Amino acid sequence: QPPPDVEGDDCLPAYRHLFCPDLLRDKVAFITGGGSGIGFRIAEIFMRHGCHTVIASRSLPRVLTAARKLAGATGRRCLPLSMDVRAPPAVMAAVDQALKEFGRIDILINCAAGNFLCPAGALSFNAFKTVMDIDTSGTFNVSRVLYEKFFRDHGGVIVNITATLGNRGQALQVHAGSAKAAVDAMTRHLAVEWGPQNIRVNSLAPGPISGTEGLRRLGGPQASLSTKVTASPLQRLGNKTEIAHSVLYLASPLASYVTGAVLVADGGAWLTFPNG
């Protein structure tokens, strides 16, 4: 039986520490996409282990609402910021402020993505490139800004949130599959070039996770969903807290020797899911 989760963008009402509560004490994590879904639960878990956060995505409203829930449930600081990962000046602006407020950033989680089901034949060039732009160029943009502004001189840890869609070429998902495959390759590249600056860089590829926009958009009809979930190895959907725990493992000193790796946390699902 998995750790408890909540379907909405709300904090866990109770929690049991399996990592020590001081694992990230006084560190600061910058989380793109931290106002909703997996990125919000990542923020919440990090703050429950001593970490302050900065959460950044397009909607200033989404992150303000989130930052008050996070701060309230954990007593740590959460700086919300409006920032499109495709706009380098907005990215530079956000990182500058995070540093003005905190004086340091230790961890970057690239969680910002967009996705929707569309057959390749109906997918426009602009549609495909929009997904490449947010997922891949966005991840590069934020990483590259964090490197210049803080990590190159102080070291750091980056976790990229990816997917397994590209492994078997999942139908209706050429855009997301291609974009997140490029992010897994970028992880290797940055691990190589930035390791000498004491920067670790890894990916975490989640399976179908309950209580997320990604599952609502992409899961398909509930009866065919249940049937594929029941046929997957752990016979269930993952939850956001399980994903936040793997991300926390990778962003922490427990993972001090892990770099350039892709941890798949998907209950086995890519091995068995249908690709009709």
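Numbering starts at 1 and runs along the sequence shown.
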Going by the mean C-alpha B-factor recorded in the entry, which is higher: 97-105 or 167-175?
97-105
The stretch whose C-alpha atoms carry the larger average B-factor in the entry, 260-268 or 16-24, is 16-24
Among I209, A251, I45, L60, where is the Cα temperature factor highest, going by the PDB entry?
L60
Note to self: of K129, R144, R188, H154, the C-alpha temperature factor tops out at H154
Where the record places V247 (Cα B-factor, split into thirds across the chain)
lowest
By the recorded C-alpha temperature factor, relative to the other modelled residues in its chain, which third is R41 in?
lowest
Taking only the Cα B-factors deposited for this chain, tell me whether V54 sits in the lowest, middle or highest third.
middle
Thinking about Cα B factors across the chain, which third does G220 belong to?
highest
Among modelled residues of the same chain, the CA temperature factor third for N202
lowest
